[PDB]
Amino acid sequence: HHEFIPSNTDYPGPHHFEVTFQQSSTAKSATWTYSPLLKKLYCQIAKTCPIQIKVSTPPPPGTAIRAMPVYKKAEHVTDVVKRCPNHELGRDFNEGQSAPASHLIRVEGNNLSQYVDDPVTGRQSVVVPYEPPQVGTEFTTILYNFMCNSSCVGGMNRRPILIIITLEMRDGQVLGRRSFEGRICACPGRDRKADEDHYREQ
């Protein structure tokens, strides 16, 4: 039904949906990085970062893959994650684009991209047709872009979000799903090291 709070629970369905991360250079300031322990991606804004998709049984036709952001804390979950006023109106980055300025998550390099603004739930998300890994390849890598900092005032300001990747049936039914925390910042590694470090303190 018209679900207002997307659910974020790893649910490898009939096929075995999997979300993995490409090799990543550790550093305070690097395009991106991932924390297997804390299950959360660290990413400079607007820059490129690829996610790995793997499956066993090749999924049914018309099958797609969505990406949606949601706030981690309950106090804020009823709020849809959109871009901040600062970055949305600014031309600095999106005037020649084909994706709506307000959307947080953009897909890079794929014209088949579909930017969804649900009429009822107001939830924004980007979807693409699903496709098998290039011959002799283990993963179907999709290139995502995040257009605001987890700190952006007026947008997701300093409140952690969760990036939900959903494997969907053409009609929208759910075939798979994985989730993980995301943080768009200025210096990823550093925020990670510190976060991994602190985690270890307790």
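The term rigid core refers to the maximal set of C-alpha atoms that superpose within 1.5 Å between the two forms. Counting begins at 1, following the sequence as shown.
Engineer: Compare 88-96 with 122-130 and report which one shows the larger root mean square C-alpha deviation from this form in 7 other deposited structures of this protein once the rigid core is superposed.
Structural biologist: Comparing 122-130 with 88-96, the one that moves more in 7 other deposited structures of this protein is 88-96.
Engineer: Would you say which of 38-46 and 24-32 moves more relative to the shown form in 7 other deposited structures of this protein, going by RMS C-alpha distance with the core superposed?
Structural biologist: Looking at 38-46 versus 24-32 in 7 other deposited structures of this protein, the farther one turns out to be 24-32.
Engineer: For the higher mean C-alpha B factor in the entry, choose 25-33 or 156-164.
Structural biologist: For C-alpha atoms only, the mean B-factor is higher in 25-33.
Engineer: Look over 146-154 and 38-46 in the entry and identify the one with the greater average Cα temperature factor.
Structural biologist: Of 38-46 and 146-154, the stretch with the higher C-alpha B-factor average is 38-46.
Engineer: Based on what the PDB entry reports, which of 95, 117, 79, 88 has the top C-alpha B-factor?
Structural biologist: The record points to 95.
Engineer: Based on the deposited C-alpha B factors for this chain, I'd like to know if residue 175 is in the lowest, middle or highest third.
Structural biologist: As the PDB entry reports it, the C-alpha B-factor of residue 175 lands in the middle third of its chain.
Engineer: Place residue 136 in the lowest, middle or highest third of its chain's C-alpha B-factors, as listed in the PDB entry.
Structural biologist: Answer is highest: the recorded C-alpha B-factor places it there.
Engineer: Where does the C-alpha B-factor of residue 69 rank in its chain, lowest, middle or highest third?
Structural biologist: As the PDB entry reports it, the C-alpha B-factor of residue 69 lands in the lowest third of its chain.
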